[PDB]
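# Sequence plus experimental coordinates follow:
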Amino acid sequence: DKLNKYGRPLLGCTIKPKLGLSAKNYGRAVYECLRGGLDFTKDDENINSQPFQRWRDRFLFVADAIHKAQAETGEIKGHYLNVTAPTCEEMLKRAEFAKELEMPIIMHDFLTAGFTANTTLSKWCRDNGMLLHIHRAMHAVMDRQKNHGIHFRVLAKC
Amino acid sequence: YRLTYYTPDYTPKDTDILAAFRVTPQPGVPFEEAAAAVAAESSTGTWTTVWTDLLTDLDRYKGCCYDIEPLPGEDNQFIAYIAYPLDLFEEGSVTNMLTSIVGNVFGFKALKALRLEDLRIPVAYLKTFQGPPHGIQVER
Amino acid sequence: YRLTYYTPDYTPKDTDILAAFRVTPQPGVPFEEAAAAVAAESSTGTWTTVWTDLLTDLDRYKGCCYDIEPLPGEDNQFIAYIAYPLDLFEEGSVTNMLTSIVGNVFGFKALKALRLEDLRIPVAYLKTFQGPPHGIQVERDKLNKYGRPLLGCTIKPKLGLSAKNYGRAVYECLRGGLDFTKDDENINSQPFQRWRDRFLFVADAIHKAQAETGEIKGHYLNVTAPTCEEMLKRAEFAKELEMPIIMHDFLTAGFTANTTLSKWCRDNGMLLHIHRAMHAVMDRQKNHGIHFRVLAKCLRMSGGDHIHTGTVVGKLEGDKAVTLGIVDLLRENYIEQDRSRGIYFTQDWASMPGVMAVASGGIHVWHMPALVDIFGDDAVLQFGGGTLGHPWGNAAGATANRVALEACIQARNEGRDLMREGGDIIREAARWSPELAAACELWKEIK
Amino acid sequence: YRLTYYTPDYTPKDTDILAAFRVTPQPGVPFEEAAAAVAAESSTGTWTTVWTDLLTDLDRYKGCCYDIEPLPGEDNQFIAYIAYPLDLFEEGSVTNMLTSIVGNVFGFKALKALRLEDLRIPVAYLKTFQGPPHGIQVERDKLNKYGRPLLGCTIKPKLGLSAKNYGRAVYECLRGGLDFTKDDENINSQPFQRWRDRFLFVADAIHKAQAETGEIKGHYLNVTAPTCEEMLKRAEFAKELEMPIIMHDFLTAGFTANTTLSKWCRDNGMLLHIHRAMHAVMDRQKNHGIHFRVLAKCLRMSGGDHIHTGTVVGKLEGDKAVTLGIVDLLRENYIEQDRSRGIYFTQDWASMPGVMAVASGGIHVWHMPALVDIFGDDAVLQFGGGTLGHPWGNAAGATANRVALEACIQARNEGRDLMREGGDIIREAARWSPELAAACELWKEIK
Amino acid sequence: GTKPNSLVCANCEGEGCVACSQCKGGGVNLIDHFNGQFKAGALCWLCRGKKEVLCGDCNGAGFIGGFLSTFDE
Amino acid sequence: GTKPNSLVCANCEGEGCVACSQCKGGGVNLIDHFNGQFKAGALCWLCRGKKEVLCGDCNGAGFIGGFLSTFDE
Amino acid sequence: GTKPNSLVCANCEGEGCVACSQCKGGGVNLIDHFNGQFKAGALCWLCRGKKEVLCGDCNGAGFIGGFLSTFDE
Ligand SMILES: [Zn+2]
Ligand SMILES: [Zn+2]
Ligand SMILES: [Zn+2]
Ligand SMILES: [Zn+2]
Ligand SMILES: [Zn+2]
Ligand SMILES: [Zn+2]
């Protein structure tokens, strides 16, 4: 309903491996992928905020890419902006700036950040009308080996 | 073919993050290839310059295996010693360090198993972390 | 008596902070005694182990002179290189770095004079600072201006104008083709012009000039203030008006106030231009004070997106080379040690972003080809009289400056020598630009 | 050519800000041109009406040299007296005042050197400033201490100690007889000692020492920080522990940060000790920079309850009289113009409260009579080695200093001459005090 | 995917690209395509003169087993 | 810039402007400047009747050494 | 304070401490002191057995002109 997309799966593209690009060059890639007909794009899970690319700059140019692509196609576009962060404070600070740029969706690494962080962000997303794309980095540490650990179906339930 | 992600001539910088992975590769997979792939998979995901050429600073943000060390037993294990540059990681975020280093490789199908035995956390990266609230001395 | 604070076999650690002092000791004092005591005075305050022995870790948090280097003109001076361990300094604090190193030694009565020429900021310490809120790359993407230096204009001397009349001058320079205008550093908030009125009318000027030209404009609104609360309240209102850029006086306000604003600018996507009023009180005299290159490093660490570097037109030799060491020190990630340009230490910046160099002073259209050749793209050229003195007014002065710049950029890309064909390049453009032709009458070509 | 910016007829208005510059011009340049250029460069930037004519109120907001005074020393050195109108400056901002006056002129190429010796701060501008948070009178009331100077001790060099060990040293000095202890200026928050831990143990030392002696105790807790946020967070925690006093480094932190902290101190009832780290960078050299008396005036305006003035024991003639000129300028409400004490202008403070003068450095029990006579009651005597060096420990050293002070106060009340009978005063008290007797064997009497 | 006793991509042999099948390395159309929407002699319809395209089997990785070449889980 | 044993601007004698060289102080054109776009007799093409233009050596300061005339640093 | 053509403290020769003048190196009292308050043969009244005390001219710095050994300003 929020996206107005029915009777089909949605298409996405991970902008990967393009680690070390400028926020603007990263945002030119996002623009092209959406303009050409995909519904979503996705942040590299490794990208949070780093010397090569700070989060606020990435969020700004990604937002340009969506508005421009949404305009030219007439279809709702989105990009899972990665708010995974060192602290809950920093995570929500990022989520808020996504909400401030009118972005429909964000992403979060639930295992490396944790379930206390993720539940915080899940409630925030309910409160703010934000869609939440959950990435599962580090899952194979627990769920690969068939005799020890936690199967993914449990971590999917959780 | 020359493996650019296995450089045994490389001497780690003091700013590099170093990992020691106990790799259990699939039978038939040589140790050198396994180690270069573990380097790529915890990093750019590639050995080549195809995707990298379409970037600005190129393979600057890559991991590489600088040393291989076979281990006792008939499980065909070795230690892949791998170096990552300081710029890859968000300052003060354990979350991002684990995300970058252990995010994908543990599900790499060219291995049977894989274990992170140790990390050399460099001093420049440690200065971006608070560390313990107080610690031994202050607690006492 | 062995001097424990002069340790010439010590190899500096990569984590140490290294200082290079130009020491002018009292006549009769040997260089080694002076070097030891400068290490002691910038540190514990003692050579001995009397106070030290009363402590737990002892002489661990001490400076030590690890090298002496005499100079031609040699009764006077030497350079003492001193190393301090990383533990001495609070993380992310230029304030405490300066207090610890330069807090007392300058008043050391066994010296006639003393000057800190350079610091080596170690990578591990640099990672505790934010650095510039944006820096060169990130700025250019925010402004959408590439392949050329940016052009600016100080509205000065126009002290005493209405905020609206000031705004009118701002509009005209920007509309005429400059990228930026600048607040008078003396203008914060006064009876003749209150700050909130200036911000309003400068904003109208920006929106209007940007709308008509289709190019992003900015004005370095001065948020320098009596208090941190007032500094931020002024920054916030610039943000409320959707201003791309503000300015701050980092010395007269101070590093504690500046680091605060640097953080706030990162947090709110605001470009930060740094003015350096009062620098000459410290950096002018060649035997005493702190060289500007140290202040420039401190500012890069504290945070600024632009900074005034010193302006040079000549043959890049001697004191002109000093200025370009500073420029490299501000913009590059890795600057090799090079004594002919005053770079005493190799400085790794470890991806802390570079700062735009601001060339300012009495510049004009004839200086354009030289400036483009010397500074390259990552610079801001601030015109004073060179824009405002144009006899058809402010917009026409700007148009002349913009036309001169684009002519130099096209010639550079063609392969031409900007230095020796600079006169030809301007005159060729002045055939096709009445505004440039008028500028070329007021100001005289340089040999 | 008539020089409009040199007007020897001009009588300063009582609202003008007046500066006294010791100008060392380039040889050949006549004094009147130099005087007029300094007046312009610290102001509009021009002699002419060219830029002026393109404004509303024209040359109203200009400085002008109103007097020249050649000096005998060296020749090519004169005092230019310059007047600036009240409308130039922002209300309550030392930052803007310094920016306006000293922002550019020190870089002026037609001079070799330049020094700002004094400023006349007008009564009408002073009332825009808070001034000290408390000052002399109000401080003595909070502490309940009268008829004597205050004794203090700098916990230095003890860099590397635990919060707890550092606090044990504070406990002993306070318990032994001192009123105050002082943080090492180099200690803010470091790996070896984090600020919150220090503040806690210092608070334990105070409450305990205060409980045992029955006299109010204080320790100047260093809130100097990277950011205003961190500065105030530390000040807030000192308030939370019910500490009566904190310290701040005003030059390395900056005036903008310092004016914020001074306002916070007034609002929360906190005494504010101002340390002056790095001052020598500007105030050492006699021909270039800013004399401390200007920085001391600025600090009284921005605000502080204690400030370091320099320490003197001798005949109060020449360089020693300059030091007492500064003391009067910080303490008194009205200071008569007096060139023999470096007081270039009469200064009316308009009831802005006075600041306690801190005498520091290598002082010891034998200096006590001299220090009482020269500085009087409204002063803090900060001991370094003079307390901590005592062979029986910190408490005994503190006792030796207190007994020496109490001796001098009683001698003073009896009509004795503290200057010629100082040695006798101390030796007499040494009969009764074994701690003082022990101190008198370490340090030597002055002739 | 892989070569024998190896994890290198057999199709490109660790290069990440292959020669363009359409123009056979020439960089030009040998025949017309799509009823002459792309004409013979002009820049190759597929590669546009670059004479190589991405290897599909490894998606430029040069090896098989990783996220870029293999399915999830 | 300066006169002998002085800091006053030599080009303008401390006045900050000079006589306009195109109209020669009269405030009127003398030649058909630029193809008679600014024709002779009328308003000066350069100064536009103001008979004076900014001094190029000091940019209106009337003296050399200061920020308005000299390079930074 | 300083030695000839030098900045090392003359009183201690840069050690920052001197011999205790009361016990004269011995560490024990020779005469009574303070009207029999500290007896002969007991621990030294000044140095308490340590045999050295801080050098008063430099306050343990070893050198003259620094903050530890000099008046402020
Ligand atoms: Zn392949
Ligand atoms: Zn092809
Ligand atoms: Zn002139
Ligand atoms: Zn004319
Ligand atoms: Zn000594
Ligand atoms: Zn003894």
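That came through fine. Numbering: from 1, shown residues only, chains lettered A, B, ... in the order given. Ligands and ions are numbered 1, 2, ... in the order given.
# is chain D contacted by the helix or strand harbouring residue A:89?
Per DSSP states H and E: residue A:89 is located in helix A:88-100. No: using CB under 8 Å from any CB of the partner chain, helix A:88-100 stays clear of chain D, with a minimum separation of 14.1 Å. In short, each C-beta sits where N, CA and C put it, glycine included.
# Can I get that helix in PDB, CA atoms only?
Output in PDB follows, covering the C-alpha atoms of helix A:88-100 (Å, rounded to 0.1, in the frame of the first residue of the first chain):
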ATOM      1  CA  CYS A  88      21.600   3.400  19.700                       C
ATOM      2  CA  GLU A  89      22.000   7.200  19.800                       C
ATOM      3  CA  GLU A  90      23.900   7.200  16.500                       C
ATOM      4  CA  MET A  91      21.500   4.600  14.900                       C
ATOM      5  CA  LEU A  92      18.400   6.700  15.600                       C
ATOM      6  CA  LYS A  93      20.200  10.000  14.600                       C
ATOM      7  CA  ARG A  94      20.600   8.400  11.200                       C
ATOM      8  CA  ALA A  95      17.000   7.000  11.100                       C
ATOM      9  CA  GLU A  96      15.800  10.500  11.900                       C
ATOM     10  CA  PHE A  97      17.700  12.100   9.000                       C
ATOM     11  CA  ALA A  98      16.200   9.400   6.700                       C
ATOM     12  CA  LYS A  99      12.800  10.400   8.000                       C
ATOM     13  CA  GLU A 100      13.700  14.100   7.500                       C
END
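# list the helices and strands that helix packs on?
In terms of contacts (3 or more CB pairs under 8 Å, 6 or more residues apart in numbering or on different chains; DSSP states H and E), helix A:88-100 is packed against helix A:55-73, strand A:105-109, helix A:115-128.
# For the longest one, which outside residues touch it?
Helix A:55-73 is contacted from outside by A:23-24, A:26-28, A:30-31, A:34-35, A:37, A:41, A:43, A:47-49, A:76-79, A:81-82, A:94, A:97-98, A:101-103, C:134, C:138, C:141-142, C:266-267, C:269, using CB atoms under 8 Å, 6 or more residues apart in numbering or on different chains.
# Sheet partners, orientation included, of the helix or strand following that helix?
Next in sequence after helix A:55-73, counting helices and strands by DSSP H and E, comes strand A:78-82. Here strand A:78-82 is paired, per DSSP bridges, with strand A:40-42 (parallel), strand A:105-109 (parallel).
# ok so, going back, now a PyMOL select for only the buried ones of the contacts of helix A:55-73.
To isolate the buried ones among those in PyMOL, judged by 16 or more other CB atoms under 10 Å in any protein chain shown, type:
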select buried, (chain A and resi 23+24+26+27+30+31+34+35+41+43+47+48+49+77+78+79+81+82+94+97+98+103) or (chain C and resi 134+138+141+142+266+269)
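# Contacting ligand 4 as well, which ones from the contacts of helix A:55-73?
Checking the contacts of helix A:55-73 against ligand 4 by CB under 5 Å from the ion, not one of them is in range.
# Against residue C:45, how distant is residue E:60?
62 Å (CB to CB, to the nearest Å).
# how about the nearest residue to residue A:39 once chain neighbours are set aside, secondary structure?
Excluding the flanking residues, the one nearest residue A:39 by CB to CB, 6 or more residues apart in numbering or on different chains is residue A:10, at 4.3 Å. For residue A:10, the assignment made with DSSP: H, G, I helix; E, B strand; the rest coil gives coil.
# Just the closest residue of chain E to chain C, please.
residue E:49 (24.7 Å; CB to the nearest CB).
# Quick check on the residue nearest to residue A:39: phi, psi?
The phi/psi pair for residue A:10 (degrees, to the nearest 10) reads phi -100, psi 150.
# any idea how far residue A:41 is from it?
From residue A:10 over to residue A:41 (counting by CB to CB), the distance is 12 Å.
# Pretty sure residue A:13 sits against residue A:41.
Yes: Residue A:13 is in contact with residue A:41 according to CB atoms under 8 Å; the separation is 5.4 Å.
# Overlap in contacts, those two.
Shared contacts of residue A:13 and residue A:41, defined by CB under 8 Å, 6+ apart, comprise residue A:33.
# which residues does the residue lying closest to residue A:76 once chain neighbours are set aside contact?
With CB to CB, 6+ apart as the criterion, residue A:76 has its nearest non-adjacent residue at 4.8 Å, and that residue is residue A:3. Residues in contact with residue A:3 (CB under 8 Å, 6+ apart) are A:10, A:39, A:76, A:78, A:104.
# got it, and residue A:43?
Going by CB under 8 Å, 6+ apart, residue A:43 touches A:15, A:58, A:79-82, A:107.
# And residue E:62, by the same measure?
B:1, B:46-48, E:8-9, E:12, E:14-16.
# Nearest to residue G:71 among the residues you listed?
For the contacts of residue E:62, the closest approach to residue G:71 (CB to CB) belongs to residue B:46, at 68.8 Å.
# Skipping adjacent residues, who's closest to residue 5 in space?
This is for chain A. Leaving aside its sequence neighbours, residue A:5 sits nearest to residue A:39 (CB to CB, 6+ apart; 6.4 Å).
# think we crossed wires, I meant chain E
According to CB to CB, 6+ apart, the nearest residue to residue E:5 is residue B:28 (4.3 Å).
# Backbone dihedrals for the spatially most distant residue from the centre of chain A, please?
In chain A, the residue that sits farthest from the middle, by CA atoms, centre = their mean, is residue A:147; the gap is 32.4 Å. Dihedral pair for residue A:147: phi -110, psi -20, per degrees, to the nearest 10.
# any idea how far it is from residue B:113?
11 Å.
# swap in residue A:15?
Applying CB to CB, the value for residue A:15 to residue B:113 is 31 Å.
# just residue A:9 next, same as before
Per CB to CB, residue A:9 is found 34 Å from residue B:113.
# Name the SS class of residue A:133, please.
Secondary structure, three-state DSSP: residue A:133 is strand.
# so it makes contact with residue A:41?
No: judged on CB under 8 Å, residue A:133 makes no contact with residue A:41 at a distance of 10.8 Å.
# Need the residues touching each of those two.
Contacts common to residue A:133 and residue A:41, judged by CB under 8 Å, 6+ apart, are residue A:80.
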